[PDB]
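The chain that follows stands alone, in the form deposited in one PDB entry, written as C-alpha cells.
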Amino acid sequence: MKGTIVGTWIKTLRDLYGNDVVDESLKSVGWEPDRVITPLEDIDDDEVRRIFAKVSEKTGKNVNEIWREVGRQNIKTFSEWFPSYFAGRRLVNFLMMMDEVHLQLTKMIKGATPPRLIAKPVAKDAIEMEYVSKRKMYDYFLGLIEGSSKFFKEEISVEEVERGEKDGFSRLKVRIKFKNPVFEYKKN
C-alpha cells in the first residue's frame, strides 16, 4: 500500500477508535506508535492487515466492519488532506473520476498495483462501478462510496450486483442510483 494512504488510515483509526487502540495495534506489528510514513513508502499489505486485526481484537469489532467504517470516515480525512479533489464537485463527478485518480497517484511507483475503479452510466440516474483488485478490500470500497454520499450530501442507492475473483483479481460490481437524473442521452 502507498505510504500516504496508510498514513490517512492510521489517522482515521485514531478518529474512530482512539489513540490507545491505535498505538497498541501499531506496536503489535513492531512499529513505533508515532512512526512517520513517507509518501512513496511501500507498506506491506499483510502488515496493514495485521494492524486492523489487532484493532478488531481490541475493539471487539469484526475486521470487515472496521474496514467499512474506515472507508466511510476516510473520505472526511481525504477532504482535509486532499481538498482539491472535492472542491466544487458533485458525487457522480467525483466517482467517475476515481479510476483515473488512482492511476495518476500511483504512476510514480514502478509496478504500482492500484485498484481499478472503472465506472460507466447505465441509466439517466445510475452508474455501474466495478472494483477490481488483488487486495480484496470490498468493505473499504463500499465504505468509501457510502462516505462519499455523506460528504456530498447526495443520497444514493447502492446495489451489489456481483462479487468474486476472476483470473486472480477480486471484483465487486455495484449499481449506484441517484435521487435525480444526472445523465442525458447524447450523440456519441
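We number the residues from 1 along the sequence you see. The term rigid core refers to the most C-alpha atoms you can superpose between the two forms while keeping them within 1.5 Å.
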Original post:
If you average the Cα B factors in the entry, which is higher, 49-57 or 32-40?
Top reply: 32-40
Original post:
For the C-alpha atoms alone, is the average B factor greater in 161-169 or in 8-16, going by the entry?
Top reply: 161-169
**OP:** For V92, return the chain-relative third of its C-alpha B-factor as stated in the PDB record: lowest, middle or highest.
**Re:** middle
Original post:
Once the chain's modelled residues are ordered by C-alpha B factor and cut into thirds, is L103 in the lowest, middle or highest one?
Top reply: middle
Subject >> Third of the chain, ranked by Cα B-factor, where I109 sits >> reply: highest
**OP:** Report the third (lowest, middle or highest) to which the CA temperature factor of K153 belongs, ranking only the modelled residues of the same chain.
**Re:** highest
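What comes next is about the form deposited in another entry, which is not displayed.
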Original post:
Core aligned, does the CA of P121 move at least 2 Å between this form and the one not shown?
Top reply: no
